[PDB]
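Peer 1:
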Amino acid sequence: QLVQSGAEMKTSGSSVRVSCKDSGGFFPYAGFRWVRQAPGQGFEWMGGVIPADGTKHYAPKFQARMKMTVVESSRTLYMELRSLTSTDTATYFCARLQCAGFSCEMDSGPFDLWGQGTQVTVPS
Amino acid sequence: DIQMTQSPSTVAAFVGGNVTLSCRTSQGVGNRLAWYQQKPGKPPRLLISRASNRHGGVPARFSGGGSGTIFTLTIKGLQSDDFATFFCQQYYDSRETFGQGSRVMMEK
Amino acid sequence: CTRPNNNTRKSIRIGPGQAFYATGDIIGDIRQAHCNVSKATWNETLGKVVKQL
Ligand SMILES: *[C@@H]1O[C@H](CO)[C@@H](O[C@@H]2O[C@H](CO)[C@@H](O[C@@H]3O[C@H](CO)[C@@H](O)[C@H](O)[C@@H]3O)[C@H](O)[C@H]2NC(C)=O)[C@H](O)[C@H]1NC(C)=O
Ligand SMILES: *[C@@H]1O[C@H](CO)[C@@H](O[C@@H]2O[C@H](CO)[C@@H](O[C@@H]3O[C@H](CO)[C@@H](O)[C@H](O)[C@@H]3O)[C@H](O)[C@H]2NC(C)=O)[C@H](O)[C@H]1NC(C)=O
Ligand SMILES: *[C@@H]1O[C@H](CO)[C@@H](O[C@@H]2O[C@H](CO)[C@@H](O[C@@H]3O[C@H](CO)[C@@H](O)[C@H](O)[C@@H]3O)[C@H](O)[C@H]2NC(C)=O)[C@H](O)[C@H]1NC(C)=O
Ligand SMILES: *[C@@H]1O[C@H](CO)[C@@H](O)[C@H](O)[C@H]1NC(C)=O
Ligand SMILES: *[C@@H]1O[C@H](CO)[C@@H](O)[C@H](O)[C@H]1NC(C)=O
Ligand SMILES: *[C@@H]1O[C@H](CO)[C@@H](O)[C@H](O)[C@H]1NC(C)=O
Numbered sequence: 001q002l003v004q005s006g007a008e009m010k011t012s013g014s015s016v017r018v019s020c021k022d023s024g025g026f027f028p029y030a031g032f033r034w035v036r037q038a039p040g041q042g043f044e045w046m047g048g049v050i051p052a053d054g055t056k057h058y059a060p061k062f063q064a065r066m067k068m069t070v071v072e073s074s075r076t077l078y079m080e081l082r083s084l085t086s087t088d089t090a091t092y093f094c095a096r097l098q099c100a101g102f103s104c105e106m107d108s109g110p111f112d113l114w115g116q117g118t119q120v121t122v123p124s
Numbered sequence: 001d002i003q004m005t006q007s008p009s010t011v012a013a014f015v016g017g018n019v020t021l022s023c024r025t026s027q028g029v030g031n032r033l034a035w036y037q038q039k040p041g042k043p044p045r046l047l048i049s050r051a052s053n054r055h056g057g058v059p060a061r062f063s064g065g066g067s068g069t070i071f072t073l074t075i076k077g078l079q080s081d082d083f084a085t086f087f088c089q090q091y092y093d094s095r096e097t098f099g100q101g102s103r104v105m106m107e108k
Numbered sequence: 001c002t003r004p005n006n007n008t009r010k011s012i013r014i015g016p017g018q019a020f021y022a023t024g025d026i027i028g029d030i031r032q033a034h035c036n037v038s039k040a041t042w043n044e045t046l047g048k049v050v051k052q053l
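Chains as they are written, first to last, in my numbering: chain A, 1 to 124; chain B, 1 to 108; chain C, 1 to 53.
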């Protein structure tokens with residue numbers, strides 16, 4: 001399962017680093033996604049990283065603010081959001097693309113395995 | 001990009017009752033459309049892929065239909081564990097985007 | 001030179017910790033690859049070559 005860092009609270013301007021460790025492998029086999037959920041309104045695509053080829057794919061909005069890394073030793077994805085704002089308060093999820101048995105999607109599927117969430121609140 | 005407008009938002013229902021949602025895309029996605037279900041705290045739970053194909057652990061009471069641009073989700077016989085916020089997702093284009101949710105309440 | 005189909009990888013596990021990256025699906029309509037060489041500036045360089053030959 002994917003397990004994330006605990007809920008945090010930051011200031012307007014500071015940088016927040018979320019984390020996502022997947023206990024069970026799935027690192028060189030599937031492609032993971034970073035999705036944040038504003039309070040009580042839908043989701044919002046924010047990134048995607050295939051750790052087998054090491055290809056990152058940032059959304060256009062969060063293209064210059066954030067950057068995501070991979071650490072193969074500890075098997076952890078990181079998402080560092082640099083320029084916070086009062087509107088970046090959201091529950092941040094890391095997901096994983098669908099795996100139908102032993103053949104895992106790497107490029108485009110529905111997210112079937114989610115993380116518990118990391119409630120980042122930034123008031124200002 | 002691709003926009004998903006979920007038609008019936010926050011529709012009331014009672015246990016053992018019919019309820020039909022609707023997810024209408026901006027541009028056609030073929031059949032690449034998934035349906036999620038999130039209860040207030042948990043992360044979402046994938047229900048349906050390919051807009052009709054259910055998953056392991058989803059009851060037969062759920063049903064995804066439609067194709068092209070207009071998709072639906074029909075829960076025929078409701079139960080007290082199905083009242084949540086349902087999201088529809090296209091995974092056609094490069095970055096998959098979700099709807100905005102469509103709650104199902106319990107006021108009898 | 002271009003390849004206009006949009007592929008979609010799908011990694012298949014064929015053993016203990018070693019995967020086979022297949023092609024799961026082609027999104028859209030399938031279209032033949034090709035290459036374009038501008039006929040003007042290609043015929044002109046063929047003229048140059050045939051002059052030097
Ligand atoms: C290779 O196989 C092992 C063994 O099946 C996989 O690890 C195990 O994966 C299962 C399935 O997710 C985990 O069970 C889960 O436990 C959580 C609670 O932590 C529960 O909420 C889920 O519903 C599910 O029952 C199990 O904990 C896990 N065992 C570990 C990590 O020691 C492994 O993921 C597989 N790896 C690959 C690359 O396929
Ligand atoms: C796979 O490759 C295909 C190319 O055949 C991609 O389809 C094209 O995707 C782009 C954006 O990624 C679409 O451009 C958009 O067009 C609309 C006009 O409807 C415009 O308003 C937008 O601003 C944007 O420019 C393009 O229409 C679309 N071509 C189609 C649908 O025929 C596809 O996104 C790729 N998918 C993956 C998963 O890689
Ligand atoms: C192969 O593809 C390249 C593109 O990578 C083509 O070169 C590009 O051709 C376009 C014309 O279709 C050029 O646009 C020009 O833009 C300037 C201003 O930027 C404008 O003043 C011109 O009237 C024209 O619209 C573009 O600059 C050019 N790119 C480069 C780097 O030169 C090329 O034509 C293609 N060749 C074949 C055989 O398909
Ligand atoms: C729900 O609708 C179906 C037909 O679409 C009908 O057969 C069924 O009896 C309905 N159930 C209720 C509880 O109204
Ligand atoms: C392929 O043909 C079917 C048959 O009408 C059509 O419904 C579908 O939209 C076509 N696909 C594309 C990508 O044009
Ligand atoms: C190529 O160029 C030569 C002269 O530069 C001309 O005689 C000939 O007709 C051209 N061929 C084509 C196919 O344009």
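All C-beta atoms in this analysis are idealised placements derived from N, C-alpha and C, irrespective of residue type, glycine included.
Based on Cα-Cα distance, which residue from 58(A), 38(A), 26(A) and 91(A) lies nearest to residue 113(A)?
Peer 2: It is 26(A).
Peer 1: In chain order, what residues of the stretch 64-92 of chain B put their CB closer than 9 Å to some CB of chain C?
Peer 2: 92
Peer 1: For a contact meaning CB atoms closer than 9 Å, what does residue 27(C) contact in chain B?
Peer 2: 30, 32, 92 and 93
Peer 1: Output yes or no for whether 9 Å exceeds the beta carbon distance between residue 91(A) and residue 6(A).
Peer 2: no
Peer 1: Between the stretch 46-61 of chain A and the stretch 88-104 of chain B, can you find at least three pairs of beta-carbon atoms closer than 8 Å?
Peer 2: yes
Peer 1: Quick test of your reading: residue 11(C) and residue 29(A), contact by CB under 8 Å. State the CB separation rounded to the nearest angstrom.
Peer 2: 5 Å
Peer 1: Closer than 8 Å: is that where the CB of residue 25(A) sits relative to any heavy atom of ligand 7?
Peer 2: This structure does not include ligand 7; its bound ligands are ligand 1, ligand 2, ligand 3, ligand 4, ligand 5 and ligand 6.
Peer 1: When you compare the CB positions of residue 41(A) and residue 100(B), do they come within less than 9 Å of one another, or not?
Peer 2: Going by C-beta atoms, residue 41(A) is nearer than 9 Å to residue 100(B).
Peer 1: DSSP on residue 49(A), reduced to helix/strand/coil?
Peer 2: strand
Peer 1: What are the boundary residues of the beta strand (DSSP E) that residue 52(C) is part of?
Peer 2: Not the beta strand (DSSP E): residue 52(C) falls in the alpha helix (DSSP H), residues 39-52.
Peer 1: Output yes if chain B places a C-beta closer than 9 Å to the C-beta of residue 45(A); else output no.
Peer 2: yes
Peer 1: I want to check one thing, is the minimum distance from the CB of residue 29(A) to the heavy atoms of ligand 1 below 8 Å?
Peer 2: yes
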